[PDB]
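Okay, structure first, notes after.
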Amino acid sequence: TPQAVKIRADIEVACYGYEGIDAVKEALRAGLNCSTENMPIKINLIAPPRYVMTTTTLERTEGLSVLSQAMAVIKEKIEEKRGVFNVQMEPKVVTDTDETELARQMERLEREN
Amino acid sequence: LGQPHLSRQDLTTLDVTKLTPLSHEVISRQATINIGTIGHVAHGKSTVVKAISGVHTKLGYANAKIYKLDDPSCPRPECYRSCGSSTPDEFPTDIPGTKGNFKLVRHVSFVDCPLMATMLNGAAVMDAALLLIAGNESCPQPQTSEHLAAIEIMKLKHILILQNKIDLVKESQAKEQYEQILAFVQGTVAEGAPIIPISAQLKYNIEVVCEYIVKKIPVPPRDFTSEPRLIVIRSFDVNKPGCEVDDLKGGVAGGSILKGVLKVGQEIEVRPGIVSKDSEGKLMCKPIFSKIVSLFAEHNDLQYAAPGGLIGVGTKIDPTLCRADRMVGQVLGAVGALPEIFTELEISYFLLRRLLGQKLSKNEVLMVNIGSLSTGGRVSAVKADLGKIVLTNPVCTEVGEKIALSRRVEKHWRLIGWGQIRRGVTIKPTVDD
Amino acid sequence: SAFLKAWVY
Ligand SMILES: Nc1nc2c(ncn2[C@@H]2O[C@H](COP(=O)(O)OP(=O)(O)NP(=O)(O)O)[C@@H](O)[C@H]2O)c(=O)[nH]1
């Protein structure tokens with residue numbers, strides 16, 4: 001197999017009225033529902049309003065599509081709820097180099113709190 | 001509920017007419033009265049608080065419970081004790097030969113500072129103060145006098161005076177300071193105040209401070225009946241990086257309540273809220289709305305929270321608004337209860353006659369403290385004890401409320417004086433129904 | 001008070 005590929009988008013998600021984070025939760029959960037048996041999706045927070053969306057796939061094309069679809073599901077839900085959505089990084093393949101620049105910046109953000 | 005030894009507060013039973021600064025329901029979990037620590041550098045301010053409370057904490061807050069042994073056989077002053085906010089409301093006595101339980105009398109918060117600005121603008125309601133005075137130094141030291149003038153100005157009557165560091169200082173020298181203090185308070189609002197010798201380091205006579213906190217400082221009046229108002233003094237994003245989605249949490253607003261009671265599940269709004277800039281640069285403000293998810297005072301969970309202490313409010317609000325103290329300066333409260341939002345103020349104002357470590361001019365640069373909001377402000381017009389200011393950031397505030405003024409002296413900010421608001425100019429809030 | 005007025009005007 002073209003040994004499994006890790007693919008990631010950075011997404012900026014927000015809501016500034018009544019339902020606040022319970023709206024943002026719901027969006028990002030709709031995102032998770034776009035996961036596939038051969039391709040789970042994981043969303044983890046970077047630092048608000050930015051979050052990290054990751055998947056493992058045997059083909060780039062299939063994974064990049066899955067994330068790019070889930071991104072839309074999310075945008076619809078937060079925009080449905082008077083909230084905001086932005087894409088900080090359209091889904092690339094993740095080099096583990098890129099992954100260390102994340103993991104280091106997450107420790108930076110722990111220290112900034 | 002998270003602390004089963006403490007008061008089971010209950011919103012079904014709460015009658016806010018029946019609350020008093022001593023209601024066990026409340027006092028079991030949160031402080032109800034605030035005691036400022038004031039002095040001079042290294043006079044032991046924070047260290048006294050650390051001694052009374054156990055706590056290690058621009059302002060800073062530390063709660064302490066205060067107990068009396070329910071034994072007639074107690075020698076004075078050791079009837080009194082203090083402990084951390086989470087400690088049980090009764091415990092059996094330490095003192096050998098004495099018998100019975102210490103019982104909780106009072107629960108207080110110490111409002112520690114590096115202070116003058118916060119005092120004069122009323123951002124920290126102080127119900128009382130501890131004036132610390134180091135024996136190894138004379139009376140007054142500069143900040144000691146400056147603070148006492150600040151006390152006079154704030155009209156705080158109830159005071160205790162602490163001669164600290166008596167472990168270093170021989171009795172002859174100790175008493176030689178005593179008259180300096182007495183003379184320094186004579187002719188001032190502190191004139192009647194008790195003087196107590198203590199060591200914060202060795203925790204000598206702390207029981208006395210507790211005794212006199214129970215006895216000299218009366219139960220202050222409170223406004224429990226109005227719809228609440230809180231000043232956001234800290235705000236937090238509680239979510240640690242990596243956060244999975246179900247485990248995402250609200251942004252948390254921390255402040256001192258001035259009136260009313262916050263209740264879990266109450267609906268709230270925040271002013272001025274989100275600030276936005278129109279086509280013509282004209283300011284526009286959208287109040288943030290939310291629901292109280294949870295309440296904290298230090299490690300104690302609450303179902304209702306009442307003035308005194310620093311109270312943490314969990315909310316629905318997106319953390320992006322709370323993170324790294326972004327909401328500090330905001331006012332929080334029940335919906336429709338909050339004050340008007342202002343951009344310009346006419347004020348009556350008074351300055352420090354001493355050039356401590358001169359009067360206004362037009363378009364002069366100021367930094368101005370209103371509630372917890374340090375904002376830029378700039379002068380519009382002038383008279384001998386009245387004038388006008390335009391504000392960089394909009395504020396939520398009340399006509400009559402105290403505000404404090406700073407100038408960029410020696411190229412950095414120092415306070416110069418204060419004033420009351422007498423009139424002002426407001427933004428219409430823009431609310432999407 | 002004179003004390004306050006020595007520090008205020
Ligand atoms: N209370 C007390 N502090 C002492 C004594 N000897 C030294 N100190 C100094 O007290 C310090 C701890 O508290 P301190 O800074 O005095 O309190 P503070 O007035 O809050 N300082 P600040 O105004 O900066 O908040 C230590 O750095 C210690 O060296 C002593 O006998 N008693």
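By order of appearance in the structure tokens: chains A, B, ..., then residues from 1 within every chain, and ligands from 1 in the order shown.
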
Check your understanding: Counting only C-alpha atoms, what is within 10 Å of region 73-87 of chain A, bar same-chain residues fewer than 6 positions away, as a PyMOL selection string?
Key -> (chain A and resi 9-20+23-34+49-51+67) or (chain B and resi 432)

Kindly export the residues of the current selection with C-alpha atoms, as a PDB file, in the first residue's frame.
```pdb
ATOM      1  CA  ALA A   9      -6.853  21.384   7.576  1.00  0.00           C
ATOM      2  CA  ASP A  10      -6.727  24.364   9.951  1.00  0.00           C
ATOM      3  CA  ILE A  11     -10.190  25.869  10.420  1.00  0.00           C
ATOM      4  CA  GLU A  12     -11.332  28.936  12.361  1.00  0.00           C
ATOM      5  CA  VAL A  13     -14.767  28.580  14.025  1.00  0.00           C
ATOM      6  CA  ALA A  14     -16.689  30.953  16.237  1.00  0.00           C
ATOM      7  CA  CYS A  15     -19.966  32.164  17.567  1.00  0.00           C
ATOM      8  CA  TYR A  16     -20.625  35.466  19.323  1.00  0.00           C
ATOM      9  CA  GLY A  17     -24.286  35.162  20.351  1.00  0.00           C
ATOM     10  CA  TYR A  18     -26.514  33.156  22.727  1.00  0.00           C
ATOM     11  CA  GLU A  19     -25.434  29.547  21.978  1.00  0.00           C
ATOM     12  CA  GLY A  20     -21.675  30.472  21.783  1.00  0.00           C
ATOM     13  CA  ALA A  23     -23.147  26.030  18.601  1.00  0.00           C
ATOM     14  CA  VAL A  24     -19.477  25.579  17.809  1.00  0.00           C
ATOM     15  CA  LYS A  25     -19.537  22.139  19.403  1.00  0.00           C
ATOM     16  CA  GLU A  26     -22.488  21.210  17.191  1.00  0.00           C
ATOM     17  CA  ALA A  27     -20.812  22.365  14.004  1.00  0.00           C
ATOM     18  CA  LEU A  28     -17.605  20.526  14.676  1.00  0.00           C
ATOM     19  CA  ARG A  29     -19.620  17.409  15.663  1.00  0.00           C
ATOM     20  CA  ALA A  30     -21.368  17.576  12.283  1.00  0.00           C
ATOM     21  CA  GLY A  31     -17.805  17.665  10.928  1.00  0.00           C
ATOM     22  CA  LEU A  32     -17.029  14.445  12.808  1.00  0.00           C
ATOM     23  CA  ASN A  33     -20.163  12.797  11.376  1.00  0.00           C
ATOM     24  CA  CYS A  34     -18.557  13.225   7.918  1.00  0.00           C
ATOM     25  CA  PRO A  49     -10.962  30.232  17.313  1.00  0.00           C
ATOM     26  CA  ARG A  50      -8.567  27.847  15.455  1.00  0.00           C
ATOM     27  CA  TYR A  51      -8.949  24.018  15.423  1.00  0.00           C
ATOM     28  CA  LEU A  67     -11.884  16.895   4.796  1.00  0.00           C
TER      29      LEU A  67
ATOM     30  CA  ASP B 432     -30.153  41.438  16.667  1.00  0.00           C
TER      31      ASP B 432
END
```

Check your understanding: Taking only C-alpha atoms into account, what are the residues of chain C at most 7 Å from chain B, put as a VMD selection string?
Key -> chain C and resid 3 to 4 6 to 9

Point to revise | alpha helix (DSSP H) per DSSP on the backbone: members of region 86-177 of chain B, as a list in words | key: residues 116, 117, 118, 119, 120, 121, 142, 143, 144, 145, 146, 147, 148, 149, 150, 151, 152, 153, 154, 171, 172, 173, 174, 175, 176 and 177 of chain B

Point to revise | Test item: residues lying within 8 Å of ligand 1 with only C-alpha atoms and all ligand atoms, as a ChimeraX atom specification | key: /B:37-48,112-114,132,164-168,199-202

Just N, CA, C and O atoms for this one: save the residues we selected as a CSV table (one decimal), in the first residue's frame.
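Ended up saving to out_20.csv:
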```
chain,number,residue,atom,x,y,z
B,37,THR,N,-5.1,45.3,51.6
B,37,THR,CA,-3.8,45.4,52.2
B,37,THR,C,-3.0,46.5,51.6
B,37,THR,O,-2.8,46.5,50.3
B,38,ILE,N,-2.6,47.5,52.4
B,38,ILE,CA,-1.9,48.7,52.0
B,38,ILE,C,-0.7,49.0,52.8
B,38,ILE,O,-0.7,48.6,54.0
B,39,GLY,N,0.3,49.7,52.2
B,39,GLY,CA,1.5,50.0,53.0
B,39,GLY,C,2.6,50.6,52.2
B,39,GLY,O,2.4,51.7,51.7
B,40,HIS,N,3.8,50.0,52.2
B,40,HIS,CA,4.9,50.4,51.4
B,40,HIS,C,5.7,49.1,51.0
B,40,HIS,O,5.4,48.0,51.6
B,41,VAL,N,6.5,49.2,50.0
B,41,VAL,CA,7.2,48.0,49.5
B,41,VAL,C,8.0,47.3,50.7
B,41,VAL,O,8.5,47.9,51.6
B,42,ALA,N,7.9,45.9,50.7
B,42,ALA,CA,8.5,45.0,51.7
B,42,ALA,C,7.9,45.2,53.1
B,42,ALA,O,8.4,44.5,54.0
B,43,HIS,N,6.8,46.0,53.3
B,43,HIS,CA,6.2,46.1,54.6
B,43,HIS,C,5.4,44.8,55.0
B,43,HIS,O,4.8,44.7,56.1
B,44,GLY,N,5.4,43.8,54.2
B,44,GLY,CA,4.8,42.5,54.5
B,44,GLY,C,3.3,42.4,54.1
B,44,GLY,O,2.6,41.5,54.6
B,45,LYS,N,2.8,43.2,53.1
B,45,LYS,CA,1.4,43.2,52.7
B,45,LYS,C,0.9,41.8,52.4
B,45,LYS,O,0.1,41.2,53.1
B,46,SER,N,1.4,41.3,51.2
B,46,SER,CA,1.0,40.0,50.7
B,46,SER,C,1.3,38.9,51.8
B,46,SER,O,0.6,38.0,51.8
B,47,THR,N,2.3,39.1,52.6
B,47,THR,CA,2.8,38.1,53.5
B,47,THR,C,1.8,37.9,54.7
B,47,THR,O,1.6,36.8,55.2
B,48,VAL,N,1.2,39.0,55.1
B,48,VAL,CA,0.1,39.0,56.1
B,48,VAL,C,-1.1,38.2,55.6
B,48,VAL,O,-1.6,37.3,56.3
B,112,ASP,N,-5.3,42.4,47.8
B,112,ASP,CA,-3.9,42.8,47.8
B,112,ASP,C,-3.5,43.4,46.4
B,112,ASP,O,-4.2,43.2,45.4
B,113,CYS,N,-2.5,44.2,46.5
B,113,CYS,CA,-2.1,45.1,45.4
B,113,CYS,C,-0.6,45.1,45.3
B,113,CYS,O,0.1,44.9,46.3
B,114,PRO,N,0.0,45.4,44.2
B,114,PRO,CA,1.4,45.9,44.2
B,114,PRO,C,1.6,47.2,45.1
B,114,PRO,O,0.7,48.0,45.1
B,132,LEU,N,-0.5,48.3,56.9
B,132,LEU,CA,0.7,47.7,57.4
B,132,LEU,C,1.8,48.8,57.5
B,132,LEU,O,2.0,49.6,56.6
B,164,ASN,N,4.2,45.5,61.7
B,164,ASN,CA,4.8,44.2,61.3
B,164,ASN,C,6.3,44.1,61.7
B,164,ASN,O,6.9,45.1,62.0
B,165,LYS,N,6.9,42.9,61.6
B,165,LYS,CA,8.3,42.6,61.7
B,165,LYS,C,8.9,42.8,63.1
B,165,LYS,O,10.1,43.0,63.3
B,166,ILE,N,8.0,42.7,64.1
B,166,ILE,CA,8.4,42.8,65.5
B,166,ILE,C,9.4,41.7,66.0
B,166,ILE,O,10.0,41.8,67.0
B,167,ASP,N,9.6,40.7,65.1
B,167,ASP,CA,10.7,39.7,65.4
B,167,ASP,C,12.1,40.3,65.3
B,167,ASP,O,13.0,39.7,65.9
B,168,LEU,N,12.2,41.4,64.5
B,168,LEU,CA,13.5,42.0,64.3
B,168,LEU,C,13.8,43.1,65.3
B,168,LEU,O,15.0,43.5,65.4
B,199,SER,N,4.0,39.6,63.7
B,199,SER,CA,5.0,39.2,62.7
B,199,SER,C,4.4,38.4,61.6
B,199,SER,O,3.9,37.3,61.9
B,200,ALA,N,4.4,38.9,60.4
B,200,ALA,CA,3.8,38.0,59.3
B,200,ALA,C,4.7,36.8,59.1
B,200,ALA,O,4.2,35.8,58.8
B,201,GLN,N,6.0,37.0,59.3
B,201,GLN,CA,7.0,35.9,59.0
B,201,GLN,C,6.8,34.8,60.0
B,201,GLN,O,6.8,33.7,59.6
B,202,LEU,N,6.7,35.2,61.3
B,202,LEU,CA,6.6,34.2,62.4
B,202,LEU,C,5.2,33.9,62.8
B,202,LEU,O,4.9,33.1,63.7
```

Against region 103-109 of chain A, which residues of region 233-320 of chain B fall within 9 Å? For each one I want the closest pair of atoms and the distance in Å (one decimal), counting only C-alpha atoms, rows by chain and increasing residue number, as a tab-separated table.
```
residue	atom	partner	partner_atom	distance
B:240	CA	A:109	CA	8.3
B:241	CA	A:106	CA	5.9
B:242	CA	A:106	CA	7.5
```

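Atom pair CA of residue 378 (chain B) / CA of residue 231 (chain B) has a distance of 23.5 Å (rounded to one decimal).
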
Practice item. Show which residues sit within 9 Å of residue 57 (chain A), as a VMD selection string. Count only C-alpha atoms, and ignore same-chain residues fewer than 2 positions away. Key: chain A and resid 3 to 7 38 to 40 55 59 to 64

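Counting only C-alpha atoms, region 275-292 of chain B has the following residues at most 7 Å away, ignoring those fewer than 4 positions along the same chain: residues 16, 17 and 18 of chain A; 264, 265, 266, 267, 268, 269, 270, 271, 313, 314, 315, 316, 317, 429, 430 and 431 of chain B.
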
Got time to write the residues from that selection, N, CA, C and O atoms, as an mmCIF file, in the first residue's frame?
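Result file is again.cif:
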```cif
data_model
loop_
_atom_site.group_PDB
_atom_site.id
_atom_site.type_symbol
_atom_site.label_atom_id
_atom_site.label_comp_id
_atom_site.auth_asym_id
_atom_site.auth_seq_id
_atom_site.Cartn_x
_atom_site.Cartn_y
_atom_site.Cartn_z
ATOM 1 N N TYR A 16 -20.665 34.336 18.407
ATOM 2 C CA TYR A 16 -20.625 35.466 19.323
ATOM 3 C C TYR A 16 -22.025 35.899 19.777
ATOM 4 O O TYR A 16 -22.250 37.051 20.177
ATOM 5 N N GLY A 17 -22.942 34.926 19.835
ATOM 6 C CA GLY A 17 -24.286 35.162 20.351
ATOM 7 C C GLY A 17 -24.719 33.996 21.227
ATOM 8 O O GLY A 17 -23.868 33.171 21.518
ATOM 9 N N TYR A 18 -26.007 33.928 21.593
ATOM 10 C CA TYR A 18 -26.514 33.156 22.727
ATOM 11 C C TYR A 18 -25.781 31.820 22.908
ATOM 12 O O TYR A 18 -25.301 31.578 24.050
ATOM 13 N N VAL B 264 -26.919 30.218 38.945
ATOM 14 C CA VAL B 264 -26.645 29.272 37.880
ATOM 15 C C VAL B 264 -27.866 29.156 36.966
ATOM 16 O O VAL B 264 -29.014 29.119 37.427
ATOM 17 N N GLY B 265 -27.599 29.139 35.651
ATOM 18 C CA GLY B 265 -28.663 29.107 34.663
ATOM 19 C C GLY B 265 -29.344 30.459 34.408
ATOM 20 O O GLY B 265 -30.264 30.565 33.605
ATOM 21 N N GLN B 266 -28.929 31.510 35.102
ATOM 22 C CA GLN B 266 -29.449 32.835 34.831
ATOM 23 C C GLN B 266 -28.974 33.268 33.449
ATOM 24 O O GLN B 266 -27.862 32.877 33.023
ATOM 25 N N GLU B 267 -29.783 34.139 32.811
ATOM 26 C CA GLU B 267 -29.365 34.666 31.530
ATOM 27 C C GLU B 267 -28.804 36.048 31.759
ATOM 28 O O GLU B 267 -29.406 36.817 32.514
ATOM 29 N N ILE B 268 -27.682 36.312 31.062
ATOM 30 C CA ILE B 268 -26.867 37.477 31.279
ATOM 31 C C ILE B 268 -26.544 38.187 29.980
ATOM 32 O O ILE B 268 -26.595 37.612 28.928
ATOM 33 N N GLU B 269 -26.101 39.425 30.081
ATOM 34 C CA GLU B 269 -25.492 40.149 28.977
ATOM 35 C C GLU B 269 -24.261 40.886 29.502
ATOM 36 O O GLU B 269 -24.070 41.002 30.702
ATOM 37 N N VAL B 270 -23.450 41.417 28.594
ATOM 38 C CA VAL B 270 -22.158 42.024 28.881
ATOM 39 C C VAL B 270 -22.043 43.300 28.065
ATOM 40 O O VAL B 270 -22.332 43.296 26.876
ATOM 41 N N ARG B 271 -21.583 44.381 28.686
ATOM 42 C CA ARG B 271 -21.441 45.667 28.020
ATOM 43 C C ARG B 271 -20.046 46.198 28.295
ATOM 44 O O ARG B 271 -19.484 45.977 29.367
ATOM 45 N N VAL B 313 -17.342 33.094 36.873
ATOM 46 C CA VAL B 313 -18.601 32.830 36.212
ATOM 47 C C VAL B 313 -18.285 31.985 34.979
ATOM 48 O O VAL B 313 -17.619 32.463 34.059
ATOM 49 N N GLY B 314 -18.769 30.746 34.939
ATOM 50 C CA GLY B 314 -18.669 29.976 33.714
ATOM 51 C C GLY B 314 -19.805 30.346 32.764
ATOM 52 O O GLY B 314 -20.916 30.573 33.245
ATOM 53 N N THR B 315 -19.530 30.405 31.448
ATOM 54 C CA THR B 315 -20.528 30.870 30.507
ATOM 55 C C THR B 315 -20.529 30.007 29.253
ATOM 56 O O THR B 315 -19.691 29.110 29.156
ATOM 57 N N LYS B 316 -21.464 30.314 28.328
ATOM 58 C CA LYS B 316 -21.469 29.745 26.991
ATOM 59 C C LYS B 316 -20.517 30.490 26.058
ATOM 60 O O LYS B 316 -20.061 29.905 25.080
ATOM 61 N N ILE B 317 -20.142 31.726 26.416
ATOM 62 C CA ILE B 317 -19.446 32.654 25.526
ATOM 63 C C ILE B 317 -18.208 32.025 24.881
ATOM 64 O O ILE B 317 -17.432 31.358 25.542
ATOM 65 N N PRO B 429 -27.088 50.669 21.901
ATOM 66 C CA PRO B 429 -26.685 49.295 21.632
ATOM 67 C C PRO B 429 -27.399 48.783 20.390
ATOM 68 O O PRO B 429 -28.537 49.159 20.123
ATOM 69 N N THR B 430 -26.701 47.947 19.614
ATOM 70 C CA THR B 430 -27.291 47.322 18.442
ATOM 71 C C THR B 430 -27.503 45.829 18.745
ATOM 72 O O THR B 430 -26.515 45.096 18.932
ATOM 73 N N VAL B 431 -28.775 45.409 18.876
ATOM 74 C CA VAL B 431 -29.144 44.051 19.275
ATOM 75 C C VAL B 431 -29.939 43.410 18.143
ATOM 76 O O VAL B 431 -31.007 43.901 17.781
#
```

Check your understanding: Just how far from CA of residue 18 (chain B) is CA of residue 108 (chain B), in Å to one decimal?
Key -> 19.8 Å

**Study point:** Among the residues B:77, B:2, B:400, B:329, the one that comes closest to residue 204 (chain B) [using only C-alpha atoms]
**Key:**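 Closest to residue 204 (chain B) of all the choices is B:77.
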
Practice item. Measuring atom to atom with only C-alpha atoms, identify which of A:2, A:42, A:48, A:66 is nearest to chain B. Key: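 That would be A:48, the residue with the smallest distance to chain B.
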
Point to revise | Atomic distance CA of residue 96 (chain B) - CA of residue 72 (chain B), expressed in Å with one decimal | key: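 Going from CA of residue 96 (chain B) over to CA of residue 72 (chain B), I get 14.0 Å.
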
Exercise for review: Can you check which residues of chain A DSSP gives as strand (DSSP E or B) on the backbone and send them as number ranges by chain?
Suggested key: A: 5-14, 36, 39, 41-47, 50-57, 84-93

Review point. So which one's closest to residue 406 (chain B), B:262, B:116, B:11, B:174? Using only C-alpha atoms, please.
Key: B:116

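Among the candidates B:424, B:371, B:336, B:251, the one nearest to chain A when counting only C-alpha atoms is B:251.
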
Review point. If you count only C-alpha atoms, which residues fall within 9 Å of residue 29 (chain B), apart from same-chain ones fewer than 3 positions away, as a PyMOL selection string?
Key: chain B and resi 6-7+24-26+85-86+107+297-302
